[PDB]
Ligand code: HEM
């Protein structure tokens, strides 16, 4: 479990992300798509996007970036009492979108990279450590719901 002081480092940087949810959402999905191109194939919406310039230009992509970061934000603010927010998410991503747990690892890495670019001063080593622990807790709880449904994978 994260300590109270670790949750404080997580939500202090998240308050800064909320100053520009759209810009953050974009950078993160673009990082994910460039780093792990197999993740782009899961999106019938975005599959057509070939270059980083096209990705940057897409309004629909920025719109989905907002959706993802808003959902994640609602989860983080529950500080690990996140069961009501997490279970709908795991159910759609396992059974409808078919998203392997490993891709949730990949997007965690993207989030940490972008938080590091945008917020050096608020995202030093202990904030980075806390953020990693928080995203691990997210994955761990999703994984458990996947296993239940027969998707552990
Ligand atoms: C921080 C992690 C993530 C969060 C908070 C998240 C959140 C969401 C939300 C809230 C929706 C709309 C409601 C729903 O269908 O559940 C959605 C849709 C979806 N997500 Fe995620 N997601 C995450 C990770 C991923 C990853 C890693 C992939 C792809 C590798 C993925 C693929 C999709 C797809 C394909 C859809 C449907 C998109 C469409 O409208 O066509 N998600 N996600």
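For every residue, the table says whether it meets (1) surrounded by 15 or more Cβ atoms within 10 Å (Cβ to Cβ); (2) closer than 29 Å to residue 12 by Cα; (3) in contact with a strand residue (DSSP E or B) (Cβ under 8 Å, 6 or more places away or on another chain).
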{"residue": "76", "(1), (2), (3)": "yes, yes, no"}
{"residue": "82", "(1), (2), (3)": "yes, yes, no"}
{"residue": "98", "(1), (2), (3)": "no, no, no"}
{"residue": "102", "(1), (2), (3)": "no, yes, no"}
{"residue": "134", "(1), (2), (3)": "yes, yes, no"}
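Identify all residues within the stretch 115-141 that are within 16 Å of the ligand (Cβ to nearest atom) and over 16 Å from residue 90 (Cβ atoms); write none if there are none. Show your work before the answer.
Applying the first criterion (within 16 Å of the ligand (Cβ to nearest atom)) to the stretch 115-141 yields 115, 131-141.
115, 131, 132, 133, 134, listed by residue number.
Could you tell me which residue of the stretch 41-66 is nearest to residue 132 (Cα to Cα), considering only residues that are away from the ligand (no atom under 13 Å from the Cβ) and touching a residue at least 24 places away in the same chain (Cβ under 8 Å)?
Ranking the qualifying residues of the stretch 41-66, first place goes to 62.
With (1) out of contact with any helix residue (DSSP H, G or I) (no Cβ under 8 Å at 6 or more places or on another chain); (2) within 13 Å of the ligand (Cβ to nearest atom); (3) farther than 23 Å from residue 24 by Cβ as the list, and residue 37 as the residue in question, which single condition is left unmet?
Only one criterion is unmet by residue 37, namely (3).
Could you tell me whether the stretch 25-40 includes any residue that is loosely packed, with under 13 Cβ neighbours inside 10 Å and over 15 Å from residue 141 (Cβ atoms)? Spell out the reasoning first.
Keep residues of the stretch 25-40 that are loosely packed, with under 13 Cβ neighbours inside 10 Å, which gives 37-38.
Keeping just the survivors that are over 15 Å from residue 141 (Cβ atoms) gives 37-38.
Yes, the conditions are met somewhere in the stretch 25-40.
Among (1) within 13 Å of the ligand (Cβ to nearest atom); (2) out of contact with any helix residue (DSSP H, G or I) (no Cβ under 6 Å at 6 or more places or on another chain), which single condition is residue 144 missing?
(1)
Which residue, of 69, 89, is closer than 16 Å to residue 137 by Cβ and either exposed (fewer than 12 other Cβ atoms within 10 Å of the Cβ) or within 9 Å of the ligand (Cβ to nearest atom) (or both)? Spell out how you get there, then give the answer.
Details: 69 fails: closer than 16 Å to residue 137 by Cβ.
Checking each option against the conditions leaves just 89.
Suppose we filter the stretch 73-103 for residues that are in contact (Cβ under 8 Å) with a residue 24 or more places away in the chain and over 17 Å from residue 34 (Cβ atoms); how many remain? Quick ask: steps written out before the conclusion?
Quick first cut of the stretch 73-103, residues in contact (Cβ under 8 Å) with a residue 24 or more places away in the chain only: 73, 75-77, 79-80, 82-83, 86-87, 89-91, 93-95, 97-101, 103.
Adding the requirement that they be over 17 Å from residue 34 (Cβ atoms) leaves 73, 75-77, 79-80, 82-83, 86-87, 89-91, 93-95, 97-101.
Going through the stretch 73-103 one residue at a time, the tally reaches 21.
Just so you know, all these numbers are worked out from the coordinates, no wet-lab data involved. Note: ideal-geometry Cβ built from the backbone for every residue, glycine included; neighbour counts use all protein chains shown.
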